[PDB]
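Here's the letter readout for the chains.
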Amino acid sequence: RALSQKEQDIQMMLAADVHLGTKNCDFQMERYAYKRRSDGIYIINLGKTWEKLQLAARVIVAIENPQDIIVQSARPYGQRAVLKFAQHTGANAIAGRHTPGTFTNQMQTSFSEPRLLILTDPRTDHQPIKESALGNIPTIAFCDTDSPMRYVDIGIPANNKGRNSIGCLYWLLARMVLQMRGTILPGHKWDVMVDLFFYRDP
Amino acid sequence: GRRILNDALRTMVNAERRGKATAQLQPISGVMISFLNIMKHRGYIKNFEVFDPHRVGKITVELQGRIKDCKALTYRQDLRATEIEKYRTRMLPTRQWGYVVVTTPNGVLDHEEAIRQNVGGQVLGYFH
Amino acid sequence: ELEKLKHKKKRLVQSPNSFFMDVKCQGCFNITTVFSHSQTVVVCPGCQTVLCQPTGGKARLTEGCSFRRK
Amino acid sequence: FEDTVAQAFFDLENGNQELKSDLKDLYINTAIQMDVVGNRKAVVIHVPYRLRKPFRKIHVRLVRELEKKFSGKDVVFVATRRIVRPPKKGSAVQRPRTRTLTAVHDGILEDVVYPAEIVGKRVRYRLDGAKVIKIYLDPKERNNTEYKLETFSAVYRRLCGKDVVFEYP
Amino acid sequence: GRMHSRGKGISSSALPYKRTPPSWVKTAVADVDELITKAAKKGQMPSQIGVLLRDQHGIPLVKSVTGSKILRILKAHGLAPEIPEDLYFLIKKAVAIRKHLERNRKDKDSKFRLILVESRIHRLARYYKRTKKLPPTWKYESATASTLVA
Amino acid sequence: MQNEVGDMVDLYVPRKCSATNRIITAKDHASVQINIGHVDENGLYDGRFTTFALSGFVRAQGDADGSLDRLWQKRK
RNA sequence: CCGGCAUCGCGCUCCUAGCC
Ligand SMILES: [Mg+2]
Ligand SMILES: [Mg+2]
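Conventions and cut-offs
- Residues numbered from 1 in each chain as written, not as in the entry; some residues may be left out.
- Chains lettered and ligands numbered in written order.
- Part of a larger assembly, values for the part shown.
- Heavy atoms only, no water.
- Pairing = 2+ DSSP bridges.
- Helix = DSSP H or I, 4+ residues; strand = E, 2+ residues; numbered from the N terminus.
- Axes fitted to C-alpha atoms, helices over the stretch in contact; angles between N-to-C directions.
- Salt bridge = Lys/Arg side-chain N within 4 Å of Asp/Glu carboxyl O.
- Buried < 20%, exposed > 50% of the residue type's maximum accessible area, 1.4 Å probe, protein only.
- Contact = heavy atoms within 4.5 Å.
- Buried area = accessible area lost by both parts, 1.4 Å probe.
- Polar contact = N/O pair within 3.5 Å; in protein donor to acceptor, adjacent residues only side chain to side chain.
- Nonpolar A, V, L, I, M, F, W, Y, C, P; charged D, E, K, R; others polar.
- Near = heavy atom within 4 Å.

- The record names cryo-EM as the way this model was obtained, at a resolution of 3.0 Å.

Dropping the structure here:
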C-alpha cells in the first residue's frame, strides 16, 4: 500500500505547524480543538481541518465563473499565498488594505459583486466580513482558535498566524479545487510546489 | 417562588427564539405533559421525553422550528363555551390558526375541541 | 462524557459524589467500612488506632491505611 | 396448563438436595402461557404476595429448572397485586398510595426484571401519540437476562399494557 | 434563598437513584432497629443517630435498609422527643442568645438575631400546632424556656 | 396562501432558513444561499449540488459554521 | 362526535325493575 491523500495532507499540515493553535479558544471554535497542553496552547483536530477543507473545496468548485470569487489577506504573510491561489484557481486576489465600500458602494471604481469571499483571518480581515453582511456574500475563512465567527459560513480551523501554515493551507485548497475541476487527474501528480506559497522577506 | 407551566413555556419560547433544537424543563407535571400533547398533535413541536431520576421530574423537548409564541394565562380565568370567541380574538393572531388551551372536566384540550364537545373550563395558555 | 465534572445536583440524573470504603490499618488487618466524608474521628474496635480525620470535605485517612472504594 | 405446571412445580423436592427449605411452602395463584414474537412462546407465573421475598431470594436455580423441568420455552415470575379503581368524587376513603396503578405497575416493572436492578427510566412520546418506556438496567447481570428482553416486553404488554424496551448503559 | 438572609447557597445532600440497600450491606433490619433504639435511649436525636449509622456501622440510609424513616422507628418504640428536634434546637439557641443578652445589653446585633430566632420559633410552632405534633396549647415563654431543655 | 376556489393568491412563497426555519425576508441582506457540489467519480464534479440557506440571525450569532457543519452531514 | 361494554368496575330491600 501507499499513503492516502488524507494521510499525506495530514503529514504536510503537521509539518507546517498547522496543528498548533493559541492559548485561548473562542467557544464557537471549541468544536474543533482536541486538547490543551501544559503550555496552555490548544491543538487543532487536523482531521476536522481536512474535512472543512473538503467542504470549502466543494463550495469553491461549484462556482461556474471563478472570476466571481474574491480572496483576501490583510496580513503580510498571506500576500504571496492569496496571489498564487488566485492565479492557479482563477479567482480575484486583493492583498493588503481593503477599501471600505468595495462591496456596498456601487459608484466606487473599486467595486465588486463577489459570489464568494475567502479570508485568511477573521480578526484582521473584519472589514470585508462586515461588508459581506450587506451583500448576501457567503464567506470562507481560516479561523484560529481565537477567531470570532460572526458572519462566517465555512470556517477552516487552523493556525493562520504562521508563515508555513498559511502557505500550505492555500496550496492545499488550490490542489483540491484543481482535482475536482479535473485539471489534476486522479493520481497525486501536481507539479506546483508548496514553496511557491510561503512569502518572501526581502 | 414557583408556579410551573410558566417556566416550561417561557423556557420553550426562549429556546425556540434562539434556534436551539433541544429544550429541558426541570419541574414537570401532568399538566405540562398534557399541554405538550396538544402542542404535538397540532404540529408545533417534535417528540419529547420524560427523564425520571426520582423527583418532581424532568423532560426534554425537541423543537421543530415552527412555534412562534407559547405562553400561560396565569390567573386562570373561568371560561365558558360562549366567551371562547372573545378570548381568541384578544389572544390569537387571527381566526385561522393558533390555539387556546383550556382545562375542562373532560381533560385538557384546545378551544376548538372544546367547541365541538361543548364544554367550558379554565384557560391555561396559548400557543401559535 | 462531561457530566462527571458537573455539580452533584445539576446532572441529568442526580447522583452523590461520596463513597463508602473498606479501610485497613497496619496492626490489625481487619477491614472497616467508613464514609468518605466522615464527620467523626473513628477508631477500629480492635487495634484502637485513630483511623480517619474529619475535614471540610472528604475525610483524611491516617498514615499507611489502605482503602478500597466499594 | 395450570395443572401441568402445577405438577411440574409439585415435585422437584426429590433430589437436588440444595433446593430444600424453599418449595415445601408455596402455591402459585396462576400460570399462563403467552406468545412472544417469532412463534416462540413463554409463560408467566403469579405468586400471590406473601412469599415474594422467598422467590426473589432464589429465583435463579429454579427459573432454570422450569426451563429443564419444562424445557420448551421461557418462564417469568411476578407477585399478584390488587389494583383498586380510584375513589369516587369525595367519598372519605383515602386509598393508601399502594394498590395504585402507578405503584403496582412499578412493582411489576421491578419484578419482571428481578435478577437485574433498575437504574433508569425514560418515557418517550412519539409524534402521533405512541408512548415508549425505555428502561436502563444495571450493566452487571447482563449475560443472565439479555435474551428474555423481548420476552420481558411481551410480559409487560400483557398485565400492564405498555410498550417498554430495555437497554444497558 | 435563606429565610432570614440574602444567602443563596445550594449545598445539600443528594440521595442516589437506587432505593434498595447496596449489595455489600448485609445487616438485618432488627439489628439496625436495635442500634437506633440504643442510641435514642442514650439521648441522641434522629440526626445524630443517622450520622452515627452512616459513620460507624456502614448504614447509608435507614429508610433504604429498613424501609422506615428513623423518626417513625423512634415513634413506634415510643421514644420520639416531646418537642420536635428542629424546634428543640431553635429553643436552645434562643435561650443561649437571651442568656448572652442579659450580660451585654448594648449588643444590638444579638438583639436583632434574637428577634430573628424567635420569629423562626413562632413559625415552626405554628406549623407544629397545625399538624398535631404539639398540644394545641403549647406556647413559648421567654421566662420559662430553660426548664424544658438542657 | 390558497383562495378557497383552489387558486394560489400569495406571490413569492419565501425561503426558510435551513437551520432555524425562520423566514428569509426580502430585505434580509445578511442571509446567504450555499450550493455545495457533489463529487461522484472520474472528474469528481458535475453540475450537481445541494443548497442550504442561512438567515442573518444565524450568521450574526456566529452559529452559521456549526449549523452548516451539521447540515452537510446528511447522507445520500 | 358519542353511546354501550369489557381489563384486576365497595353492595343494595324500597321508584323506575330485561326476555337469571
Ligand atoms: Mg435558589
Ligand atoms: Mg421572608
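### A few points about the sheet that holds strand β2 (residues 32-35) of chain C
Either a parallel or an antiparallel arrangement is found when strands of a sheet pair, and the pairing is made through backbone hydrogen bonds.
All names here are of chain C.
Inference 1: Overall, antiparallel pairing links the 3 strands, which are arranged β2-β1-β5 in an open sheet. Looking at strand neighbours, the two that pair on one side only are β2 and β5 (66-69), the edges of this open sheet. Strand-to-strand, the axes of this sheet are offset by a mean angle of 35°, without reference to chain direction.
Inference 2: Where strand β1 (residues 20-24) and β5 come together, 4 bridges link them in antiparallel fashion. Its bridge partner lying in β5, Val23 is registered against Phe67.

### Things to note about the pattern of salt bridges
All names here are of chain A.
Inference 1: Enumeration according to the criterion identifies 34 salt bridges over all chains in this entry.
Inference 2: Of the charged contacts in the structure, one is a salt bridge between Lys23 and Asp39, with a shortest N-O distance of 3.3 Å. In this pair, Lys23 is assigned in the loop between α1 (5-15) and β1 (33-36) and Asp39 in the loop between β1 and β2 (42-44), connecting sequence segments 16 residues apart.
Inference 3: Given a relative accessible area of 38%, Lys23 falls into the partly exposed group.
Inference 4: Note that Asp121 is salt-bridged to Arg75, the shortest N-O span being 3.2 Å. Within this pair, whereas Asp121 is found in the loop between β5 (116-119) and α4 (126-132), its partner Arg75 is found in the loop between β3 (69-73) and α3 (79-89), the two being separated by 46 residues in sequence. Each member of the pair, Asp121 together with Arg75, is buried.
Inference 5: Linked through salt bridges whose partners overlap, the residues forming this network are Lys23, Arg37 and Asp39.

### Some details on the interface of chain E and chain C
Inference 1: Every contact between the two is made by 15 residues of chain E and, on the other side, 18 residues of chain C.
Inference 2: Counting each side, the surface lost to burial between chain E and chain C is near 1300 Å², with a carbon and sulfur contribution of 56%.
Inference 3: The interface formed by chain E and chain C holds 0 salt bridges in total.
Inference 4: At the junction of chain E and chain C, the tally comes to 6 residue pairs in polar contact.
Inference 5: Among the residues making up the side of chain E that touches chain C, the classes are represented as 9 nonpolar, 4 polar and 2 charged.

### As for the sheet that holds strand β6 (residues 139-143) of chain A
Residue and element names in this part refer to chain A.
Inference 1: Spatially, the 5 strands line up as an open sheet ordered β4-β3-β5-β6-β7, and their pairing is parallel. Strands with a single pairing partner mark the edges of an open sheet, and in this sheet they are β4 (92-95) and β7 (154-157). Mean inter-strand twist for the sheet, computed between neighbouring axes without regard to direction, equals 15°.
Inference 2: Bridge count for β3 against β4 is 4 bridges, and the pairing is parallel. Following the sheet pairing, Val71 is matched in β4 by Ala93.
Inference 3: The strands touched by α3 are β3, β4 and β5; relative to β4, the strand with the most contacts, the crossing angle is about 170°.

### Some remarks on the protein's contact with RNA strand G
Inference 1: Taken together, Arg116(B), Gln117(B), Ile83(D), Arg85(D) and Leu159(D) make up all the residues around RNA strand G.
Inference 2: Counting only the atoms of RNA strand G within 4 Å of the protein, the fraction contributed by sugar and phosphate is 74%.
Inference 3: Within the side chain of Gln117(B), one N or O atom sits 3.4 Å away from a phosphate oxygen of RNA strand G.
Inference 4: Residue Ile83(D) places a main-chain N or O atom 3.3 Å away from a sugar or linking oxygen belonging to RNA strand G.
Inference 5: Here the surface near RNA strand G is built from residues that sort into 2 nonpolar, 1 polar and 2 charged.

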